[PDB]
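Cβ sites come from the backbone with ideal geometry, for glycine too, and all protein chains shown count toward neighbours. What follows is calculated from the coordinates using simple rules that are stated; it is not laboratory data.
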There are 2 protein chains.
Amino acid sequence: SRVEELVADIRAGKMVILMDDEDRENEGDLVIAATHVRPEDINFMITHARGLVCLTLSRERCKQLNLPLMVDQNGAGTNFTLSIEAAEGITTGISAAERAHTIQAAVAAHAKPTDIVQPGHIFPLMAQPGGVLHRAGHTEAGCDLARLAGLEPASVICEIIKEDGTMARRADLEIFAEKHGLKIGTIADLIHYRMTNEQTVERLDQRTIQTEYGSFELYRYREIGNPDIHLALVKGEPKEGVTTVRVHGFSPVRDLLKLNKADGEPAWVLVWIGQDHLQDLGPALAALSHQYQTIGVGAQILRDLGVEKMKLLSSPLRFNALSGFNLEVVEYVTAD
Amino acid sequence: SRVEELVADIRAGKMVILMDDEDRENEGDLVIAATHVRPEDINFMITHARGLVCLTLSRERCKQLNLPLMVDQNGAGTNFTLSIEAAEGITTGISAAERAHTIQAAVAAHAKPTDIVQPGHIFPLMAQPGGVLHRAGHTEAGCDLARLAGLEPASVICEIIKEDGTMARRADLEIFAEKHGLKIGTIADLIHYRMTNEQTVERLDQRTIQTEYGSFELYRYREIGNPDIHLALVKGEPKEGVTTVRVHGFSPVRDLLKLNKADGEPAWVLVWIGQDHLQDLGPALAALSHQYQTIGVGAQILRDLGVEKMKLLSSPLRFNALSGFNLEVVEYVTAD
Ligand SMILES: [Cl-]
Ligand SMILES: [Cl-]
């Protein structure tokens, strides 16, 4: 149940079960280091999980493999399956050993494109560059887990479907985990781990800007994996004591109501998360991964700025959400 | 120089020169209705324009042809080339007649995919659904122009390259137009025509909203081709006299400085253009087609709301910017 054990089992060559957010796909995947995969591992997967056995790859390894996305644009789920994979010690490629062998060719250290062919019976998945920092899928989660084991960022994953024929949910996954001696994890638990044990954000440049509220200092930040720009509007020296803080994600209702505006003034640090696009005003008007993503970026920004005790302009968070950072940074959470 | 003649020459089967915005591509294309294209028309193109001869198609026509975009994602210029086109009365397909013959097969009324093959030597281009309403390219312009002549929304277009070997600009295109007896046109001038002689925008539903400025009526609008859902916040009954108006496109001056809010308050109609995405605050921080797009959508909204005389909260517009909507609507542009 603990991220550090999950990494240790993956290094050890064992499997691990990984759950995503219950308001995402809400599924459990067996997860093993693709480098340590063995025939009997594929056989366990197709037998007691009976989902699609898939092979999570990095974008680098896909380029090294000359292996693109099989579909690019779809319509008006989100999942990057690839052209199917086969090796060339293969007859049909659907046997457990041969499938294992197909994985071996793909994730070999110095693999070439001619070590592999398409189509096949192994189904590679291309993680996004920054991994579970941005997309909280099993694809990114299998890779980033294997990376933490010091292995090739490659994992083999298979959905766990109940004997009933429906998708095993947390209840059924916990039983299955203990029935077979496997530990379990939340990729959201992996987000917060990565945010706690890694320098994920780097500062870019400082500026001074003149606003109707006053003068602010702009710290422009960038996070590994993604070209987005996170901001911090600072007044004063947040190392000067308690700092009045808002971590801030856009929500197209400023144009009508007023929260960010009513937040610019009680600055008399404001964080801002970059996203590749900001929703337009019209459309329609948990996500624990998106929460730990947000406040993890917001937390590394405030730590880099020297924040040590905060006056939050947010409604209360998840309870221990801010654990892993400077101290218990919150003494007073705001009203309206 | 005048849109209605440009439509009339296309109906007659002659060519017309179309320029895009001086800051987009800044090129002139010969443009002829693909349905009226003849061997000697292709030959004039490859001789005295010497760009790529291309065949603008609608998405309907492309689907009927089973004919996709040849690249889907590349790198995030913007141009929708297709898999190359060839017919089957062709030997090589590069002759003036054979290219002309290839076009005919594509734009024949009830053409099939088996009327046509790939690759070839004609280069079809897929316009976006709403045409020149959204993308102000020669591709959309060739189709919409041919449509206005009541013909198949299909045109053949070719870049006009100087004898010098560089791209003919307005000066050189104007000379070329008169040397060969052709009329010349601006895609922006076609934008404004469509906005003046077509009902392009339709409302969806009315609502009431409660805001910190007060209560508004929400009019949701959609425009042909739908990259958008447009809004109009109304206070009062604009049909009872003068209306204080702002047409509003998003920009950095909402979160940091204060214009939109300082527009919410003087509403004691605010229009809002739908955008496929709203730029984030970090990134980096004429387009005359995009202007006539803006105020044409904003103008059909304000007429639909019954606006006839305005007090604009904008800085002054282009001269004759409005020109077609609900007589001379502006007496008072309001200050900073
Ligand atoms: Cl195979
Ligand atoms: Cl050809």
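Details
- Residue-by-residue Karplus 3J(HN,Hα) for segment A:298-308, coefficients 6.51, -1.76, 1.60, Hz, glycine and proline x: x, 7, 5, 5, 5, 5, 4, 7, x, 7, 10
- Considering only B:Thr78, B:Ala8, B:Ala168, and ranking their Cα positions along the charge dipole of segment B:1-200 that arises from unit charges at the beta-carbon of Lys, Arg, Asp and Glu, the one farthest toward the positive end is B:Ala8.
- With the convex hull of its Cα atoms as the shape, segment B:241-320 has an orientation-averaged projected area of 6.4 nm².
- Segment B:201-336: antiparallel DSSP beta bridges as a percent of all, rounded to 5: 65
- Cut-off under 5 Å, modelled amide H: who pairs with A:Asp255 long-range: none
- Each helix, a run of at least 4 DSSP H residues, gives -39500 (n - 2.57); summed and divided by the residues of chain B, these come to -8000 deg cm²/dmol at 222 nm.
- Under the Karplus curve 6.51 cos²θ - 1.76 cosθ + 1.60, θ = phi - 60°, whole-Hz ³J(HN,Hα) for segment B:44-60, x wherever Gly or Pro sits: 4, 5, 5, 9, 10, 10, 6, x, 6, 6, 10, 10, 6, 10, 7, 5, 3
- Note that segment B:136-150 has calculated 3J(HN,Hα) couplings of 8, x, 4, 4, 4, 6, x, 5, 4, 5, 4, 4, 5, 6, x Hz, one per residue in order, obtained from phi through the Karplus relation 6.51 cos²θ - 1.76 cosθ + 1.60 (θ = phi - 60°); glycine and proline are x.
- Eligible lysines near A:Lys183 by straight Cα distance, threshold 30 Å, same-chain separation 8 or greater: A:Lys14, A:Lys162
- Computed log₁₀ I(q)/I(0) - Debye formula, equal Cα scatterers, no solvent, the protein assembly as shown, q 0.08, 0.12 Å⁻¹: -0.83, -1.26
- Think of each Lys and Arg Cβ as +1 and each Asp and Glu Cβ as -1; about the Cα centre, that makes the dipole of the protein assembly as shown roughly 180 debye.
- Pairs of Cα atoms farther than 30 Å apart, chain A, %: 43
- Amide H partners (placed H, <5 Å) of A:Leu125, local residues excluded: A:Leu55, A:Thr56, A:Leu57
- Loop-resident GluC sites (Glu not before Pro) (DSSP state other than H, G, I, E or B) in segment B:159-250 with no more than 14 further Cβ atoms inside 10 Å of their Cβ: B:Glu163, B:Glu198, B:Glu212.
- Centroid-to-centroid separation of segment A:1-55 and segment A:120-162 [C-alpha atoms, Å]: 9
- 12 Å beta-carbon shell around A:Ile116, net charge (K/R +1, D/E -1): -1
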